[PDB]
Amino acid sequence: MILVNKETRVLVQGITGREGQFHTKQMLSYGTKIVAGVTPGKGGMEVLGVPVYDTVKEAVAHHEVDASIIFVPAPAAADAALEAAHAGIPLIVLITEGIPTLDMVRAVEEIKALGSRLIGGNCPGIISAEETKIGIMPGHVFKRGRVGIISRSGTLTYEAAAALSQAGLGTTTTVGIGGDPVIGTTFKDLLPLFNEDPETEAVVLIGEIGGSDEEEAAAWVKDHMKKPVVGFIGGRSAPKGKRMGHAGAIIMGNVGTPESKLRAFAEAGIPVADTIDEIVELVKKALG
């Protein structure tokens, strides 16, 4: 595992909202240690047995917290991430979709300089199989095993993990890094972490059109990785200049093309699966 495990103590921002409350319940059932909640205006209340505070600072004054997961609505979400970083929370998981790009350009810069790691926005979160769930993913598709996952998408990720789990390979930590164009944590940021986790024997990179995180990740793998990596690219047939759902899934002329991503994987000796099943097949092969 990386980043989080059963001991990770979790704060939920936006806990009183319909999304926050729904997923807080799910996380509680999974075994995640939700110790506190934050919603400005609702301090002093309680949600599913979890005490609620007006501010993150009050929350951490009564509870030790190692991570915060944010369900606050898009217009306020960047501000909520800033608040968590300024309260000293080391790991911040930003779920919310629809945050203005420039809000994130500003916030990512500030949060990183403060020493917090931001995952998101527009992401399903992070799960360490059979240890802790900090996000909105269905726990049942993540059997504990040997493969680490990093993905720019959600449901597609769950399908891969279900396949990996059915094949007896299993998963370690899965991180949904988000569908936005400006995000807190890229493939290349997480790769060194997986590289040094002995429980992770292989890493699957689920990417898609847009930007060049995949190419930069491939270059890093080529030079630094001491274990097999398998890639996958969504949107290989996509048109140019059109957002494909995800704010970040867009080809801008020369930048973010699927071809560039396939080419960079090959040059790095990273095999590219064409289908979910091929992901399982390529990982089996690389692991003997």
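When you see a residue number, it is the position in the sequence shown, counting from 1.
Comparing 154-162 with 86-94, the higher mean C-alpha B-factor in the PDB entry belongs to 154-162. As the entry records it, the average C-alpha temperature factor is higher for 138-146, out of 77-85 and 138-146. Per the deposited coordinates, the residue with the largest Cα temperature factor out of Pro100, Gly115, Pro124, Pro198 is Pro198. When the C-alpha B-factors of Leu262, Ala67, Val38, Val50 are ranked from the entry, the top spot goes to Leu262. Among the modelled residues of the chain, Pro192 sits in the middle third by CA temperature factor in this PDB entry.
The deposited CA B-factor of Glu109 belongs to the highest third of values across its chain. Per the deposited record, the Cα B-factor of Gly44 falls in the lowest third when ranked against the other modelled residues of its chain.
Among all modelled residues in this chain, the alpha-carbon of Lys25 has a temperature factor (C-alpha) in the middle third.
Per the deposited record, the Cα B-factor of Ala249 falls in the lowest third when ranked against the other modelled residues of its chain.
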